[PDB]
Each structure stands twice: as structure tokens, then as C-alpha cells.
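So here's one chain in two forms, each on its own in C-alpha cells, numbered structure 1 and structure 2.
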Structure 1
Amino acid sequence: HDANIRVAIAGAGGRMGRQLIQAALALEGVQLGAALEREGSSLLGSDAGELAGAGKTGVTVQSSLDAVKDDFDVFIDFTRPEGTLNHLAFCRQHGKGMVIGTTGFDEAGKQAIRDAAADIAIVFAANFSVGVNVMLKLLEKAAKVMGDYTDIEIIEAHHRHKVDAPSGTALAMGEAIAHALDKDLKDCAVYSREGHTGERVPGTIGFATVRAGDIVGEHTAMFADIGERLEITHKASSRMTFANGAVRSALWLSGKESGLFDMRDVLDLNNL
């Protein structure tokens, strides 16, 4: 973009690395600091931010943190925990704020992130979608006013290769609702409906799961009464949803140096 805040994207030729580029490129106030790749890297030294399209962007694919350690303000990581912990110690070193989307840390791993945060400002989250998060927060506002009367159902659709049912986002939805109602999902979820099964039990939260084709991800929570239904649905079209939120956080970091934050923090969901 070119704008007050400067961004490096590690994992440059990766699935998210690509998107994180166009995002960075796109979002006002954030400008593409650096673009890293992995040594063996064929996109190395040059192939300068033209994964995201946009021909030429000025910035160039590197391999060294210190080779560029002054081209960027915030470090954006969607890599592997082993890279993460690398990037981590260098970020801490040079007071570089991070945005971490990498998953799969172990416990040792999280503590590190957590400790680094004493000296550096980090955004670490398991879901960078703004839609999802906003959605999880509206779900409890709706649950407080309707949760009691209504029949609450959760319907999710995913591609044919999704191996667990229901998804985690769905379970997360279930959980927000449940907690809004001072209930426990464990005592009211219903994951299947087959055969003869009496009338629906009040207070239950049932789950319906659709697995087909290439569906990136769709989630709907329904608040159904006699006479009406309220639905809040989230449809993900691409992994650009994750990228966008990472970048927004990157822009939000600008001006922090504190601790450990999440999308709630970025999104001020707590005062919504």
C-alpha cells in the first residue's frame, strides 16, 4: 500500500503467504515491508510480491531477518511452530511486534509466545476471520435475548475432505450460546438425528452437518420460535478471510508494545 505501518510476511510463497500479500497490499495504512522465503527458495531475492498479482511492488523476497530487519514494523507469521519460535526470538530482540497465525504449538510453544509478550506486542489467534469473531459475539447477544424461548440449531457445511463433525467453528458457536445461557454444551448438544426420535427436547442445541464438494466453510446458527426465526450465517469464500484479519491486527498493533492480544482485542469485541 505504502502507509504509516510496515509489514513483513514470512512464508511468502505459502498458501496464506500469497494472500497475506494481497491483503497487505490492499489495506489502507499498511505497507508491504518485507517478504521472506525459505533458503532453498526459488522465489528468492526476486519475485517481488507478484504472487498476489500487482506486477511489481518494490519489495523483494529475501531469506534473512537481519537482511531486512529494518524494512518492516510488524512481523506476520503463518508458517510452522519451528519457524515461529525462530521468528519469535528475533522479533523480541529487535522489539518487533508480531502477528501469529501459525497453529500447532505445544505447551512449551505457547509459553514462549506468552513470555516474549512481556517485552513485545503480539497478536496470536486461532482464527483470524473478522466475520467469525464478530459472529461469535452477536451470537451471545442474541442468545441473551432469545436464548430462552427459542429452539437454537447450528448448521455447517464443509468440503468433502473435512474429517471431523461438527467443525470447531460450529462447536465454538455452540459454546458461546451455551455460555450466554449459563449452560454447558455437553448437556444439551445433539449431534445426530436418525430414526425414531421423539419431539425435540427443549433447551437442546442440535447440530446438522453438511459435507460436500469444495465448500470452504459455512456456518449458520438459527434462533427459531413459533412465528419466526433469526439466522446469523457466516460464509467463507476463500482464505482471504484469515489474511484480512491478520493484516488488520498488524495495523492495530501499531502503537502497542504490550502483551498478548487476540482478535477480541483487535476487534474491541469486549465493548461491543
Structure 2
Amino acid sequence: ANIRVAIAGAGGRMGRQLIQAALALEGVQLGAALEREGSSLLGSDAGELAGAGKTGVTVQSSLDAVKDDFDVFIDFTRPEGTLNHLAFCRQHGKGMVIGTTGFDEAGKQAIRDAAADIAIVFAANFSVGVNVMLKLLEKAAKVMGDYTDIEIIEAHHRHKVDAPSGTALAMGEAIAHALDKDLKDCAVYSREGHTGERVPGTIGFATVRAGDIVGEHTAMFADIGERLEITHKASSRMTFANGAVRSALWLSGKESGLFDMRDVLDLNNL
């Protein structure tokens, strides 16, 4: 019952979860369900896709076709698709929640630029948990980070291709900044053979790849005699679907500006 949303990528891993997350969320209605033209346009929506009910909400291929059908557009697709939707939403004040990744500089640039006519939440990671952990780790670095050893460990399924995750990296920068240094001057990503002694001031990263682990991140601050650990474990991708939808909702009343989860979660004044 409020704000309607459109879900681009409706049959992809993220669009389904996004449908379930949307229904399930209150204060949000499911306006449109896009997919691209050429697929089996997998039975005009419903629980069709999102294994849910049925919903007279049926998947489509046309942006202008639905224009009056949603208020906020949520995208977890591909940079190229995004940029198109971006142009349309921008044309007709339609807010975006964007979680597609891998833009090039030009990519990102359109986004900030579309951001003065529409309201956009753009974020790398939409898990609330993760966004809080990043805030915590700062504080934490404030008082313990200094004199404590700092090591980040992250585990992911056997098909993740980049080591150490992007979240581990953000964790790393979050801290290094806190200590007001540069991640690049103090990071160590590998430890094989005779290393000699751990170097004070660095931030080691350890990386585990196995099974279907969706994502676990732990930050450690070790002194002599005690350890503080802050771990975030994602159990399923619903974790981002939930936080995308929460932000769609938060966009309510919002005319324009570029935002992220700190904005949504008000981690700022926190």
C-alpha cells in the first residue's frame, strides 16, 4: 500500500528476491516488473517469478509502458541496462535505487549527474548489517585501532573471482581512514613462506573460498591479552533485497540528491 516500485532484472537472481522482499515489505506496492525483450519474459510476473502469489502485476519489456505504474525504480542488472533506465527515470522524475555494479568512470558520472533531477540511492552493498559494521569499525579504530593488530578475514563461495572481497576492501579503508592513513601504504594481502615478523601498523587480509558461503566478513583488533572481533554473516541474498526496498521506501518525499545507506540508515549522526 504505498509507493510502487518497478523491478528491473525480474528473472535474474536479484530481481526475484527483490519481488519477494517488496511484497513482504509494508508501505510498498509492486508497480512494475521488467525484464528485457527476447527472454521467455518468464510468465508475466507474480509468484510466477518470485515464487510468490500471482499479482495482476505482470512482467514487461517497456519502460514507457509502465511509466504510470511505479514511483521508484530498483535496479540490479548491468551497467548498460542501468544507464538506459537511468535516462528514462531522469526524463520523468522517477527515483532510483541502484545496486548494479561495475560502472566505469563515465558510468558513475551519469549517475551523479542524473542525481540533480531525481533522487537516487546508489550503493555497492545494500546489506544493513554490513553498513552498520562499517560504521562500528570506525569507532572501534578510533579507540583501539592504533596499537592493536588489525586483520580482516572474509569467506565466499567457490565461484567468487576477486580476492579479497570488495567488502573486505571497504572494511580496510574504513579503518585506515579512521586511523587517518592510507590503506595502500599499510595493507598486506598475502602471507606465504618466511615472512619474518608481522609489521606494526599493517592491515593483513586473509581470504577463504569454499562451497556456497554467501559472505562472511570479520574484522579483528588484537592486543596482548584480549581480541575485539566484528563479524557480519550474510545467510542469503535477501539481505540486500531487503535493504534496497527499505531505501526505495526511504526515498519517499525525496525530490533529488545522491545518497547511500549511511543516508538511508542515518548512520551519519550515529
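We call the rigid core the largest set of C-alpha positions that still match within 1.5 Å between the two forms. Along the sequence of structure 1, residues get numbers from 1 upward.
Following superposition on the rigid core between the two structures, the residue from 68, 240, 27, 232 with a C-alpha displacement of 2 angstroms or more is 232, and no other. Once both forms are overlaid on the rigid core, the distance between the two CA positions of residue 114 between the two structures is under 2 angstroms. Once the cores line up, the CA of residue 141 ends up 2 angstroms or more apart between the two structures. With the core held fixed, residue 187 shows a CA shift of 2 Å or greater between the two structures. Here residue 255 exhibits a Cα shift of 0.8 Å between the two structures, evaluated on the superposed rigid core. Core superposition places the C-alpha of residue 203 5.3 Å apart between the two structures. Aligning the rigid core between the two structures leaves the CA of residue 177 offset by 2.9 Å.
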